[PDB]
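Written out below as structure tokens is the structure these notes cover.
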Amino acid sequence: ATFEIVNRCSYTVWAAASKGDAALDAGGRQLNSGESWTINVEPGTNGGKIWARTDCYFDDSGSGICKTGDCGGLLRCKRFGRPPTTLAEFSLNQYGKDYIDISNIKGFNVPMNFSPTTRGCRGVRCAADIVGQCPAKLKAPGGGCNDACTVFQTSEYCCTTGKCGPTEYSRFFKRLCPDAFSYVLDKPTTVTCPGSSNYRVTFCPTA
Ligand SMILES: O=C(O)c1cc(-n2cc(CO)nn2)cc(C(=O)O)n1
Ligand SMILES: O=C(O)c1cc(-n2cc(CO)nn2)cc(C(=O)O)n1
Ligand SMILES: O=C(O)c1cc(-n2cc(CO)nn2)cc(C(=O)O)n1
Ligand SMILES: [Eu+3]
């Protein structure tokens with residue numbers, strides 16, 4: 001499957017793509033404002049994620065640091081990124097269909113649209129100014145808006161036992177972005193697409 005990753009932000013981002021125990025395609029790349037990077041994701045990829053990283057430095061070997069979304073200091077991510085990270089999430093070719101969503105469960109750093117480029121389903125978007133409106137206690141000094149689990153480490157915010165409800169913090173993310181997951185047990189906003197669809201992830205779709 002092809003994923004065209006487009007940076008419409010006015011700032012550089014370092015795109016990342018991983019399924020947690022391996023890179024997808026090269027795993028990461030710099031995208032200056034306006035640049036597009038198309039990756040190939042293997043059919044059947046389960047639990048894949050794409051995100052933006054901000055304020056990164058990498059040496060000539062591809063090792064360094066990012067202020068949001070750092071994946072073990074690598075340009076080419078093999079693992080998932082450090083919150084806060086707005087997440088484009090997908091599982092492909094699962095009994096004949098693809099499944100996509102956006103999640104704020106690991107916080108929000110950069111606005112995003114995640115849409116099919118082929119027929120048969122809608123896209124999803126979380127493009128509100130979550131960082132600007134972020135509750136004081138969730139603001140990440142390194143940049144972005146943390147989820148409450150990251151900040152407070154409670155069973156209720158982290159849904160540790162599989163039982164939890166919405167919270168004042170989850171409701172903030174849900175108010176700003178109704179079409180993204182705001183906590184682990186949120187009413188799902190997953191979209192079912194035809195198996196083997198192709199996609200575009202756009203950072204700052206309205207900004
Ligand atoms: O065991 C680990 O340290 C570990 C494992 C995974 N895994 C993620 C997946 C797939 O969802 N499998 N291991 C991710 C990370 C990380 O992002 O730091 N770390
Ligand atoms: O760099 C890692 O391998 C790593 C870093 C973190 N950390 C993330 C943060 C910030 O929220 N602090 N450590 C968690 C994990 C894991 O759970 O596997 N793994
Ligand atoms: O503590 C962790 O979360 C962690 C630790 C290691 N470590 C591996 C080694 C061996 O040299 N030491 N920490 C790898 C990872 C990961 O790849 O996600 N994660
Ligand atoms: Eu780890």
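One-based numbering, in listed order, for ligands and for the atoms of each. Only this structure's heavy atoms are used, side chains among them; waters, hydrogens and symmetry mates stay out. This chain uses plain numbering: 1 for the first residue, then up along the sequence.
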Tell me if the SG of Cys158 lies under 2.5 Å from the SG of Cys164. no
In the hydrophobic clustering that connects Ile, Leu, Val, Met, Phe, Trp and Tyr at side-chain heavy-atom distances below 4.5 Å, which members other than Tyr11 occupy its cluster, ordered by chain and number? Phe3, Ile5, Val13, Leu24, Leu31, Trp37, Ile39, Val41, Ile50, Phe90, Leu92, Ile100, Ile102, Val110, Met112, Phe114, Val124, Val191, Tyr199, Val201, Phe203
By side-chain contact (heavy atoms from CB on, under 4.5 Å), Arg125 pairs with (sequence neighbours left out) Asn113, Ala127, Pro205, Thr206
For ligand 1, what N or O to protein N or O distances fall under 3.5 Å?
{"from": "ligand 1", "atom 1": "7 (N)", "to": "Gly20", "atom 2": "O", "distance (Å)": "3.4"}
{"from": "ligand 1", "atom 1": "17 (O)", "to": "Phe80", "atom 2": "N", "distance (Å)": "3.1"}

Step by step, would you call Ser36 with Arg200 a side chain to side chain contact (heavy atoms under 4.5 Å, CB included)? CA-CA 10 Å; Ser36 303; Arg200 181 182 274 116; over 6 Å; no
Hey, are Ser196 and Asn93 close enough side-chain-wise for a donor-acceptor pair under 3.5 Å? yes
Taking only residues two or more places apart in sequence, or in another chain, which ones meet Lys67 in a salt bridge (charged side-chain N to carboxylate O under 4.0 Å, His left out)? none
